[PDB]
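Student: Here the sequence shown is numbered in the UniProt record's numbering, starting from 230 and rising by one per residue. Heads up, the beta-carbon is just placed ideally off N, CA and C, and yes, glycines get one too. Sharing a structure with you now.
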Amino acid sequence: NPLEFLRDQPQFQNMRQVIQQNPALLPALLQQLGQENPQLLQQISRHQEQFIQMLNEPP
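Next comes the structure, spelled out in structure tokens:
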């Protein structure tokens, strides 16, 4: 799945940041990921726990 790198790369963290302080655009990054490629979303399914886990970065 293309998420492996997504979860590893700042993609997950980075997002949390922008959306963390500036929660205006929200973590849409995911919407564009699953939407972009009709196959991505499916593979992304493995996320949720990890993806969202960071989406709520403590700091």
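Is residue 234 buried or exposed, if buried means 16 or more other CB atoms sit within 10 Å of its CB?
Tutor: Answer is exposed; the Cβ neighbour count stays below 16.
Student: Skipping 5 residues on each side, what residues in its chain have a beta carbon closer than 6 angstroms to that of residue 244?
Tutor: 256, 258
Student: Quick one: using the 10 Å Cβ neighbour count with 16 as the cut-off for buried, is residue 273 buried or exposed?
Tutor: buried
Student: Less than 8 angstroms between the C-beta atoms of residue 242 and residue 286, yes or no?
Tutor: yes
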